[PDB]
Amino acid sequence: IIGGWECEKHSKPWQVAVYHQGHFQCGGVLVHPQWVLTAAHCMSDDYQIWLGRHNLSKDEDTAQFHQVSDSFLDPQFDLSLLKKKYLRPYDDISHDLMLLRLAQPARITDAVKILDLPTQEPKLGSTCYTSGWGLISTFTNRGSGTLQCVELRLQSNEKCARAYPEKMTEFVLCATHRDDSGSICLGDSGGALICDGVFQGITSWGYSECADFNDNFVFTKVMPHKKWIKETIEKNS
């Protein structure tokens, strides 16, 4: 996140850090002790999953290390996108979602907790928060340092649709920021968007340039994916 603030330590205890070979790749959400939800463009051949983190730049006692046993992509994700190192600003984020099954269940602590799925549609005008470690340095270090947060307002989708109207679907949300001061970065992918205290969106931004909240769809909407998320967990735990 660019233009945010350092979150209170352990205030986002569902926040995941996904690494590959010691290099930070993206965020994610712990949605069940055995499951992380993140973006499909964050697929890799060897996951290192970290729960309970705050400052990625140092060792932390609350940190919990996990490997992954299986990956499940939204079946409607266009698999040809996986060949690209970076998605394009016009690429559809509707189905850019993946569930990672943890080899061993997370231990629930003050620092490591699940985030419940939404039980109602989000209201326009609600206050939202998202979190992540994504840096502007997307070619060299995708995430480091302390977990950042930003406050947003949930808006009608058309407010985010002007640059790429084709990205406006039933599977996205529009959450704006006070001025042109805030952007989301690739490494923020997988971060929860929590609106009026409910998990409603998840960051899915795969391009190398960071995105202003006000001009782009960067959050995949969780509600239309509930059946698939819940059924995948039920069938594969």
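Start at 1 and count along the sequence shown; that's the residue number.
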item	value
198-206 versus 57-65 - greater average Cα B-factor per the deposited record	57-65
Mean Cα B-factor comparison, 39-47 or 183-191, giving the higher one as deposited	39-47
Candidate set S131, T146, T109, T127 [ranked by C-alpha B-factor, highest]	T109
Assigned third (lowest, middle, highest) for the C-alpha B factor of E151	lowest
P13, C-alpha B-factor rank within chain (lowest, middle or highest third)	lowest
Ranked C-alpha temperature factor of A163 among modelled chain residues, by third	highest
Chain-wide C-alpha B factor ranking for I136, given as lowest, middle or highest third	middle
Chain-relative CA temperature factor third for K113	lowest
